[PDB]
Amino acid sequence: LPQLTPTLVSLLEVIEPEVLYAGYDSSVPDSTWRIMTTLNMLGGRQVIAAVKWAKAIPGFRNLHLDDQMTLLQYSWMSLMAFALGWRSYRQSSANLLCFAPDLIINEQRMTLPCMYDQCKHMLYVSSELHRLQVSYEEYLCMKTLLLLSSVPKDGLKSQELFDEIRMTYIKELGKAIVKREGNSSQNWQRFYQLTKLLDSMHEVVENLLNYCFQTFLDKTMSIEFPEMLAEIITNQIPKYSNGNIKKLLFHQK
């Protein structure tokens, strides 16, 4: 009976981009520098997959194409860290980062010379997802909210419509909570905890972005970044500084 009557959540479940494979030359290395280059390459594909996904989100493309760009350039690292976190959580009993089914960074590689400082932040979101026992539906909504978690200081060119969409998904997340088990007092606490998690993503994004920017501009290191991703980065580094970025927060805490 139901299934044949689409729900916002059931639709979020089907547009979820499928799992990408790394390509390989699987004898996977020890050089911290190769790992990064390799991950940057896969990252480029991973981001394109995400853009397509954004366009499939109900109401997203009904925004000025300019806002669709600002959004994706402000939240890509976020969508990336959150999805990697979830995939790492559902993948194993613990300890690792699962970038692809054919590309995994385990305890060993995770601690090579310059890896841990970069990876610890990625492990963080994975541990958080585990700690709060987040359901697949909760995650589908939270990830959508992450796309809508940073607007320009000076608003958007579709502000009104944006505000309406953001709220639609916030309520959509509320439902996924009501569904996961069935309490009443916990629903409040639960919503407080997940909105807290969403709020902490800005922080992990901030840490991951420093390494991303530092590494991209060095040229004393010479770490490769794919073409499109490179563009988004060169494009955002100037703005991310000046404070032209506004982070929506559920808690001024």
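One-based numbering along the sequence shown.
- Set 153-161 against 170-178 and average the Cα temperature factors; 153-161 ends up higher.
- Set 20-28 against 227-235 and average the Cα temperature factors; 20-28 ends up higher.
- Across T220, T195, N40, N207, the greatest Cα temperature factor reported in the deposited entry is at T220.
- Sort the chain's modelled residues by C-alpha temperature factor and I245 lands in the highest third, per the entry.
- When all modelled residues of the chain are sorted by CA temperature factor, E107 is found within the highest third.
- Among all modelled residues in its chain, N183 ranks in the highest third by Cα B-factor.
- When all modelled residues of the chain are sorted by CA temperature factor, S126 is found within the lowest third.
- Sort the chain's modelled residues by C-alpha temperature factor and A94 lands in the highest third, per the entry.
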